[PDB]
Structures are given as C-alpha cells and as structure tokens.
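A.B. asks: As you go down the protein sequences, you meet chains M, B and A in turn.
Residue numbers for the first sequence follow PDB author numbering, beginning at 322 and rising by one.
Residue numbers for the second sequence follow PDB author numbering, beginning at 1 and rising by one.
Read left to right, the third sequence gives residues 1 to 143, 149 to 228 (PDB author numbering).
All C-beta atoms in this analysis are idealised placements derived from N, C-alpha and C, irrespective of residue type, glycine included.
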Amino acid sequence: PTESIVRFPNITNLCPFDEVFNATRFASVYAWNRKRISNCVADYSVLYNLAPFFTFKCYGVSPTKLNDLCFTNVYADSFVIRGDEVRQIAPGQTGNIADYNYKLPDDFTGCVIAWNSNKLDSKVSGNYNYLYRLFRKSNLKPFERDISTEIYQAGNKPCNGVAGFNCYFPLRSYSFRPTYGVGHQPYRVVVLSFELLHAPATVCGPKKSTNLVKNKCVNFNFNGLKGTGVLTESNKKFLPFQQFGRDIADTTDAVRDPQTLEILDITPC
Amino acid sequence: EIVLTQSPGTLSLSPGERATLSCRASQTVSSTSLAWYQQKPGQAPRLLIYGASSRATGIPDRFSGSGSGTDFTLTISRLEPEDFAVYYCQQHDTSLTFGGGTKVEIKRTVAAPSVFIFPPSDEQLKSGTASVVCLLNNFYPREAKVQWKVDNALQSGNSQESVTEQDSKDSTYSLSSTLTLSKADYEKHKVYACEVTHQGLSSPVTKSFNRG
Amino acid sequence: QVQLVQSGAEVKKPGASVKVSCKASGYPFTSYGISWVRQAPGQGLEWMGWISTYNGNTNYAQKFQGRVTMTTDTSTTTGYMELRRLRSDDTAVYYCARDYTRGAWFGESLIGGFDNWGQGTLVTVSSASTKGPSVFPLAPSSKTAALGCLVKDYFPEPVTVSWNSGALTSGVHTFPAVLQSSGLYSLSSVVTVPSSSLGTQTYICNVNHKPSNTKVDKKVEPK
Ligand SMILES: *[C@@H]1O[C@H](CO[C@@H]2O[C@@H](C)[C@@H](O)[C@@H](O)[C@@H]2O)[C@@H](O[C@@H]2O[C@H](CO)[C@@H](O)[C@H](O)[C@H]2NC(C)=O)[C@H](O)[C@H]1NC(C)=O
C-alpha cells in the first residue's frame, strides 16, 4: 500500500444530543418517547465528558470505537424509571418493567445511559406524574409500545369497564419523594439504538474525507468499510438503492462512492 | 399567563454586605425552567443562573440561586463595586415572561442638596418662550420632593425633571427641574420660587429669585 | 468565542416597517435557535419571539402575533426580523440572543436561557424631522459657584457635550435628555467652578449634533 484514502458523505449539521439529554421533560415508561436522528455528524465525546455519575453501558460495540462508524439511523428512547429498575433495561432480561413496559431485543447492538434525576423529578408532597403498567395479558415484543388503558379481569367474571374486585386498573403511579433511598429515586434513561442497513449511511461521525485515488494500491475507507487494495472504475449495474456488491466469497468486491455516485471495483494489489 | 413579581424594587447596601433578591411566581413553575439575568447601565443583559440552581459559564462563585414552587431567591455573598446592576428573573414553564427588575445601589451617609435657580437668558426673550431651571447638586438619598411657585401658587404639569445616575466617586445623585412657558405670562410676574424637601434637610428649603 | 453583531439605529416613521439583522459567529449555526427581546427606554425586558435555525419553525408572542416575522439565512448565518405598522410605543432597543430554551430540531423545552446577547439596535419612531440644537447659557448669580449651558429643541437623540474639550471634565453633570410634547429633546450641562474664577476663567461648552452636522461652541460669562 502507498496512500490512505477516506471517503465520507458531505454533511455539516451536527446531531442534536443536547436536545435529548437536557430536555426539561421526560416521558413515562409505558409511553416512552422515541426520536429519530439522521443526516448529521455524531460526536460522542460530549457523552464521555459527563461526570462519573452517568451510568453508561453499551452492547455490541465498544464506546471508544463509536467515532469511526457510520450508521443508517439512530433512535433515542427516553423515559424515567425507578432507581432499582435500571437493571431491567438490558437484553435478555425480565421483570415488571421489561415484560410490560419496555423490551430490548437480544441482538440489540446499542447503548444505554442512565442518571439520577432526584433533584428534578421528585416533589416533597409527592410526584404522581410518572406511571407504569403493572397488569397485562401477555409479554410484549421488542420495541412495542402499548399506550392504552383498559380494565384487567384476573378472575372469571367480566365487569362493565369499572374497577373492583378482580377488575384492576392497569396503570400505577411511582410517587417519588426526596426522602427515599437510592433505589427508590427517579432515574432518567436514554437508550440509543444504531440502525445499520444497506443504505447511504446518513449518520457518519467526525471525519474529514480525502480525494479519490485510482489504479494504485492504497488504504481505503468508505463509510467505515476499510481495507487495502486497488480501486478500478467499474462498469457494473447497480440499482439506485444498491450501495455495494458482494462476491461469491461473502466479502465486498464493488462499492459506491458516497460523494460522487459512481461504482468502483476493489482488487487485491 | 404566569406573572413574576420581583421584591423589592430597590436594594440599598454597602460594598461588602450580603444581598438576597426574591422572585415570586403567580402559578407553580418548575425549577428546571427559571433563570436570572444581570444588566449593567448601558450594556446588554447576561445569563447568571439557569435551572434555579446552576451557574452560567464564567460566572464568579459568589452568585447562588435557590427556591422552588412559587418562590425563588438569588443570593450574593459579598458585594463588589461591579455587582451594582439590575437583576431579572425569567420563567419558560408556560410561554416565556420576564420579571419587573430590581436595582441594587450603594447605601452611604445622608447628604444634602445645593438648590439653585437661574433666570432665563436674554436670547430666549425674543423667541416667544422662556424656561427656568431649578438645580439640586450632590445629595443622598435620591427621593427629593420639588415644587415651583409663582410667589403664591403651586403649579403642575408644565415642569419636567432629569435625574442623573449615582456618582462614581461619592455615590450621590443630582437633579434638575425645568419649568418652560411662553414670555407672555413670564412678563406677568417678576419673582419665582423653588421649594425643595429632602430627608437630609431639617426643614424644607425655598429659594426665590426676582427679575433684575 | 460566540459573537453576535446587529445593524445600526433606525429613524423610522409611524406606519412604516423595520428590518433588524443579527449576524452570528463562532459556533454551529443550526444547533441553536434565535430569540428576539426588546427594552423600552426606562422599562424592563420584553420577549418578542423565537425562531428555529434548522427548519424555520417560529413562535411569537401574542402581543406581536400579527405584526412581527423572523427569518434566517444559513449561508451567511444571519437572522432578520420585520416589525410592521410602527407606532410611537415601538421606540426601544432590540436584542438578538442565542437561545437555549427551545430545541431547534424537535421544538421542546430545554434547561437554560438566552446565553449570548447582541449589542442591541435602537429604533426611534416619531413623525419629526432632523433639527439642530438651540444653545442658551445659564450663568451664576451676582452673589462654590455653578453655571452651565442648555441645549434644547433637537432631534434625533444623540448629542455630545464637552467643556473646553475635556479641560474641565472633573465637575461636569450632564443630565439625560427628555422628550417634550413637541417631539424634540432637551438637555442641560452644569459645571461647578471656584467662587472667584467667575470673572477670570473662560467657560465655553462645545455641543455636537451628528445628524445635523453642528459643532457649536458657546461661552458663558457672568452678568
Ligand atoms: C447540557 O447542558 C450542559 C450545560 O450547558 C451550558 O449551559 C446551557 C444553558 C447552555 O448555555 C450551554 O451552551 C452551556 O454549555 C452542558 O454541559 C456543558 O458542556 C460544555 C461542553 O461540553 C462544557 O464545556 C461545560 O463545562 C458543561 N457545563 C457544565 C455545567 O457541565 C452539556 O453539554 C449538555 N448536556 C449534554 C448531554 O449534551
């Protein structure tokens, strides 16, 4: 190899992580909020510089390598839970929150951030503003939201949509107060999910691109796909939605340039 | 909408005491949605406190905020010469509104004015109008009560006053009151009087001047 | 460092419209909104509105619901504000601020405030023409002593005063201008001098009005 070449999409706007973490209001756990992030540069250093009381645990990728990865989309799910239920926000976990409110898939490949919010979400006289679902007919599928309240008939006698014995209201309140322990105090939780598809990789990250060099052996990097070889002006047929081509040996052999929308063959040098 | 009331309207302290300013909310305002601003004479405002507790970037540690629900408080532990300004509370819990304002000045020993008076100049006597100015030199405190008299009678409406800012060195005020009126009724009388009452004086002063 | 620069002053007339500009520098433009506030002479702050620099969403105050409109230009990173049908109550100073109270992308409330302000733009609304100042003396009485000069019937607001070009700086009291019912401003300048220098020293005051190009000097002597 002779040269190192980096090719990333030309996007300038930065991602709005300050609007997710520093939002005045957070949602409940049975009606958790979801935001879509795309077409922006994602610098994750602002999430490391936070004080060492932000619990940060990420699955399927290391936190250090996040700045050299492109993504199709990012999803941010925000809510507030109790102190000791942060254990349940993890793949392959069960409990009252996980079964009935928020479920994570086993192949999650995403990060979870939690922090104590007792100074904001608690009130001296009682803060019943945050709810959670306690009764459900069956466990819910990953990333499914149930914003609906109807009576739960545990027994056998039906009831006229009114509570009573063996007819329960599904939702309950948290009732946070400042005079509790550490496990009974509100916690603000943000879950980041990285959606990676066969797409033009909108959410790139901080990286400057270089000029394209052909007919020479170089180190190349297209949207995080990095390797060593020679780049030839291909004459293959890609559909407008297709981004790269795979060979019989289950490894990429052709790729589209993210700045000028042309096709290139990759060959060993 | 939500109305914020700042109490009191003016604080008179000394360079080194402790100051406490109070903002009162009509309805309940979340603590995450309240901020404080400081504005010096002739400058733009600047952020001091946000979230009712947090301190803005580059703000000296002596500023602190606290409070909740319907009552918020801004405290300055020790007062420097540069901390004399106007302070505003803002909420953005429901729409966005500002407070009334609270000026903090210097409290010093009581002084007394130097009431003067001036006849109209001869250059105004041919322009169809005249003006007479009563002056009040360095005094303290600011609140002084001044009236004009045409030798037996109190007038009103045709007189306007200008008050300077607090002096840099001795922290004193100065006042001017101008009575303007055409030369027609000016020629109808000969003597005028300015009556001044102030907390510093032991008796209301009256300075008169006749034509001549 | 974050910086915001505003345009110059306006001498608009009633029934007209005014554009105020605000150029930002030193930060990513589209990550923060822009807020517009104003202060009338002698009163407190008054919020006018908010605009997002990402998608152009706005949010106005019901007092200016039908009169104000804000726009942004990402190429030059500059915000603009129109106010229409100017009345006598719109004479004020207008401030452009960087916003941290509402999100630019999703439009929700944040924890913060107006954390960066501009220099401010003074807008004066009056149906009056530019007039040069009129200068008169006011000399001490026959009997420290005090004297000065009066500048009256001038427009617009800015007039500068000096005593012998700073020779007598210590002892000068220049009172703020007052707006008369004639639409014109008035002002007095007073100096305190030794009781024996009345008949010896010279006491001239130089008063300068820029919009009328007047640089007039006048001497005050005892009579
Ligand atoms: C959420 O905001 C905090 C505080 O931000 C500051 O105050 C706001 C009103 C607004 O003026 C911001 O521009 C200010 O930065 C952010 O924490 C600050 O971050 C900067 C940059 O990392 C850092 O230099 C400061 O020291 C931080 N200040 C404090 C008090 O920690 C924070 O970046 C935001 N949170 C997230 C997760 O994005």
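At the level of alpha carbons, what is the spacing between residue 527 of chain M and residue 358 of chain M?
C.D. replies: By 1-based counting over the first sequence, the position of residue 527 of chain M is 206. By 1-based counting over the first sequence, the position of residue 358 of chain M is 37. Roughly 15 Å separates the two Cα atoms.
A.B. asks: Does any residue of chain A have a CB that is nearer than 8 Å to the CB of residue 198 of chain B?
C.D. replies: As a position in the second sequence, residue 198 of chain B is number 198, starting the count at 1. It does not: the Cβ of residue 198 of chain B has no partner Cβ on chain A nearer than 8 Å.
A.B. asks: Anyone know if the C-beta pair for residue 576 of chain M and residue 323 of chain M falls short of 8 Å?
C.D. replies: In the first sequence, residue 576 of chain M corresponds to position 255, counting from 1. In the first sequence, residue 323 of chain M corresponds to position 2, counting from 1. Not closer than 8 Å, so no.
A.B. asks: Would you tell me roughly how many angstroms separate the C-alpha atoms of residue 438 of chain M and residue 405 of chain M, rounded to the nearest one?
C.D. replies: For the purposes of this step, residue 438 of chain M is identified with residue 117 of the first sequence, where counting begins at 1. For the purposes of this step, residue 405 of chain M is identified with residue 84 of the first sequence, where counting begins at 1. Each residue's Cα considered, the two are about 13 Å apart.
A.B. asks: Would you say the beta carbon of residue 88 of chain B is closer than 7 Å to some non-hydrogen atom of ligand 1?
C.D. replies: The residue you call residue 88 of chain B lines up with position 88 of the second sequence. Flag unset: Cβ of residue 88 of chain B not near ligand 1.
A.B. asks: Cα-Cα, which of B:71, B:181, B:48 is closest to residue 127 of chain B?
C.D. replies: For this step, residue 127 of chain B is matched to residue 127 along the second sequence. The shortest C-alpha separation from residue 127 of chain B is found at B:181.
A.B. asks: Rounded C-beta distance between residue 349 of chain M and residue 451 of chain M? I'm assuming under 8 Å.
C.D. replies: Here residue 349 of chain M is taken as the residue at index 28 of the first sequence, counted from 1. Here residue 451 of chain M is taken as the residue at index 130 of the first sequence, counted from 1. Indeed they touch by this definition, with Cβ atoms about 5 Å apart.
A.B. asks: Give the range of the alpha helix (DSSP H) segment to which residue 72 of chain B is assigned.
C.D. replies: Here residue 72 of chain B refers to the residue found at position 72 when the second sequence is read from its first residue. Here residue 72 of chain B belongs to no alpha helix (DSSP H); instead the beta strand (DSSP E) covers 71–76.
A.B. asks: Exposed or buried, what is residue 196 of chain B when buried is set at 16 or more other beta-carbons lying within 10 Å of its beta-carbon?
C.D. replies: Walking along the second sequence from the start, residue 196 of chain B turns up at place 196. Buried: at least 16 other Cβ atoms inside 10 Å.
A.B. asks: Could you tell me the boundaries of the alpha helix (DSSP H) in which residue 342 of chain M lies?
C.D. replies: Numbered from its first residue, the first sequence carries residue 342 of chain M at position 21. Residue 342 of chain M -> alpha helix (DSSP H) spans 339–342.
A.B. asks: When DSSP labels each residue in this structure, what does residue 184 of chain B get in the three-state scheme?
C.D. replies: In the second sequence, counting from the first residue as 1, residue 184 of chain B sits at position 184. Residue state, collapsed to three classes: helix.
A.B. asks: On the criterion of 16 or more Cβ atoms from any shown chain inside 10 Å, does residue 580 of chain M qualify as buried, or is it exposed?
C.D. replies: Here residue 580 of chain M refers to the residue found at position 259 when the first sequence is read from its first residue. Exposed: under 16 other Cβ atoms inside 10 Å.
A.B. asks: Going by beta carbon distance, what residues of the same chain come within less than 6 Å of residue 129 of chain B, once the five residues before and after it are set aside?
C.D. replies: One-based indexing of the second sequence puts residue 129 of chain B at position 129. Answer for residue 129 of chain B: 182, listed in chain order.
A.B. asks: Locate the beta strand (DSSP E) running through residue 397 of chain M, then write down its first and last residues.
C.D. replies: Within the first sequence, numbered from 1, the residue matching residue 397 of chain M stands at position 76. First-last of the beta strand (DSSP E) with residue 397 of chain M: 394–402.
A.B. asks: Mind checking whether residue 557 of chain M and residue 584 of chain M have CB atoms under 8 Å apart?
C.D. replies: Working through the first sequence from its first residue, we reach residue 557 of chain M at position 236. Working through the first sequence from its first residue, we reach residue 584 of chain M at position 263. Yes.
A.B. asks: If you measure from the beta carbon of residue 110 of chain A to each beta carbon in chain M, is any gap under 8 Å?
C.D. replies: On the third sequence, residue 110 of chain A is found 110 positions in, with the first residue counted as 1. Chain M contact via Cβ: present.
A.B. asks: For residue 79 of chain A and residue 34 of chain B, what's the separation of their Cα atoms in angstroms?
C.D. replies: As a working note, residue 79 of chain A is residue 79 in the third sequence. As a working note, residue 34 of chain B is residue 34 in the second sequence. Their backbone Cα atoms lie some 26 Å apart in a straight line.
A.B. asks: How long is the line joining the alpha carbons of residue 55 of chain A and residue 340 of chain M, rounded to whole angstroms?
C.D. replies: Sequence index remark: in the third sequence, residue 55 of chain A carries index 55 (1-based). Sequence index remark: in the first sequence, residue 340 of chain M carries index 19 (1-based). The alpha-carbon atoms of residue 55 of chain A and residue 340 of chain M are separated by roughly 15 Å.
A.B. asks: Less than 8 Å separating the beta-carbons of residue 597 of chain M and residue 396 of chain M?
C.D. replies: Residue 597 of chain M lies beyond the range of chain M shown here (322 to 590); nothing can be said about it.
A.B. asks: Can you tell me whether residue 125 of chain B is buried or exposed, with buried defined as 16 or more other CB within 10 angstroms of its CB?
C.D. replies: Taking the first residue of the second sequence as position 1, residue 125 of chain B is located at position 125. Flag for residue 125 of chain B reads exposed.
A.B. asks: Assuming the contact rule is C-beta atoms closer than 8 Å, residue 33 of chain A and residue 1 of chain A should be a hit. Round their C-beta distance to whole Å, please.
C.D. replies: As a first step, residue 33 of chain A must be located in the third sequence, where it is residue number 33. As a first step, residue 1 of chain A must be located in the third sequence, where it is residue number 1. In fact, because the Cβ distance is near 19 Å, the residues do not count as touching under 8 Å.
A.B. asks: Ligand 1 and residue 115 of chain A: does the residue's C-beta get closer than 7 Å to at least one heavy atom of that ligand?
C.D. replies: By 1-based counting over the third sequence, the position of residue 115 of chain A is 115. Result yes, Cβ under 7 Å from ligand 1.
A.B. asks: Is the Cβ-Cβ distance between residue 172 of chain B and residue 139 of chain B less than 8 Å?
C.D. replies: By one-based count along the second sequence, residue 172 of chain B stands at place 172. By one-based count along the second sequence, residue 139 of chain B stands at place 139. Contact: yes.
A.B. asks: Go through the region 433–461 of chain M residue by residue and report every complete run of the beta strand (DSSP E) that reaches 3 residues or more, in order.
C.D. replies: 452–454
A.B. asks: When you compare each of B:59, B:86, B:159 to residue 50 of chain B by their alpha carbons, which one comes out closest?
C.D. replies: Within the second sequence, the letter at position 50 stands for residue 50 of chain B. Closest option to residue 50 of chain B, Cα to Cα, is B:59.
A.B. asks: Does DSSP put residue 194 of chain A in a helix, a strand or coil?
C.D. replies: Along the third sequence, one-based indexing puts residue 194 of chain A at 189. Strand.
A.B. asks: Hey, would you say the C-beta of residue 99 of chain A is under 7 Å away from at least one heavy atom of ligand 1?
C.D. replies: Along the third sequence, read from residue 1 onward, the residue named residue 99 of chain A stands at position 99. No.
A.B. asks: What are the boundary residues of the beta strand (DSSP E) that residue 151 of chain A is part of?
C.D. replies: If you number the third sequence from 1, residue 151 of chain A lands on position 146. 150–159 is the extent of the beta strand (DSSP E) around residue 151 of chain A.
A.B. asks: For residue 456 of chain M, is the beta carbon positioned less than 7 Å from some heavy atom of ligand 1?
C.D. replies: Against the first sequence, residue 456 of chain M aligns to sequence position 135. Checking every heavy atom of ligand 1 against the Cβ of residue 456 of chain M, none is found closer than 7 Å.
A.B. asks: Quick one: which chain A residues come within Cβ less than 7 Å of residue 123 of chain B?
C.D. replies: Taking the first residue of the second sequence as 1, we reach residue 123 of chain B at position 123. Ordered by position in chain A, the residues that pass the 7 Å Cβ test against residue 123 of chain B are 136.
A.B. asks: Is there contact between the region 65–76 of chain B and the region 103–121 of chain A, where contact requires at least three CB pairs shorter than 8 Å?
C.D. replies: no
A.B. asks: Does any C-beta atom of chain A lie closer than 8 Å to the C-beta of residue 176 of chain B?
C.D. replies: Residue 176 of chain B sits at position 176 when you count from the first residue of the second sequence. So yes, residue 176 of chain B belongs to the interface.
A.B. asks: Under the three-state reduction of DSSP, which class applies to residue 111 of chain B: helix, strand or coil?
C.D. replies: Within the second sequence, residue 111 of chain B is the residue found at index 111, counting from 1. Three-state DSSP puts residue 111 of chain B in coil, outside helix and strand.
A.B. asks: Can residue 57 of chain B be considered in contact with ligand 1, in the sense that its beta carbon sits closer than 7 Å to one or more heavy atoms?
C.D. replies: For the purposes of this step, residue 57 of chain B is taken as the residue at position 57 of the second sequence. Indeed, a heavy atom of ligand 1 lies less than 7 Å from the Cβ.
A.B. asks: Is it true that the CB of residue 210 of chain A sits closer than 8 Å to the CB of residue 228 of chain A?
C.D. replies: Reading the third sequence from its first residue, position 223 is the one you call residue 228 of chain A. Reading the third sequence from its first residue, position 205 is the one you call residue 210 of chain A. Cβ atoms of residue 228 of chain A and residue 210 of chain A: not closer than 8 Å.
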